[PDB]
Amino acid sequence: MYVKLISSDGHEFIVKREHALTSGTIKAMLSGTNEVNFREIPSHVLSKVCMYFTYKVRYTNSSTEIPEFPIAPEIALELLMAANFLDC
């Protein structure tokens, strides 16, 4: 089961429903068809949020060594605003 997250600039990101539910905001946005539009999050930010969804589900409760989640300086502030809105 997948979900389509749509960025402000029209990019469609097809992520697994389990990964997207990392965000409690996206959880409520789907529980009220399997799509949701982020009129404020551009594709260069929303693509990085989905990478975090993959990273978080991969390494949570994993005994192996955990790599750093990288954040380029030019997206750090926009990504923080997005993380604050999405609560993840």
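All residue numbers are counted from 1 along the displayed sequence.
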ask   = Looking at the other compared entries that model residues on both sides of it, is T33 unmodelled in at least a third of them?
value = yes
ask   = Unmodelled deposited residues between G32 and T33: none, 1 to 3, 4 to 9, or 10 or more?
value = 4 to 9
query = Quick one: higher average CA temperature factor, 57-65 or 41-49?
reply = 57-65
remark   = The stretch carrying the higher mean Cα B factor in the deposited entry, 21-29 or 74-82, is 21-29
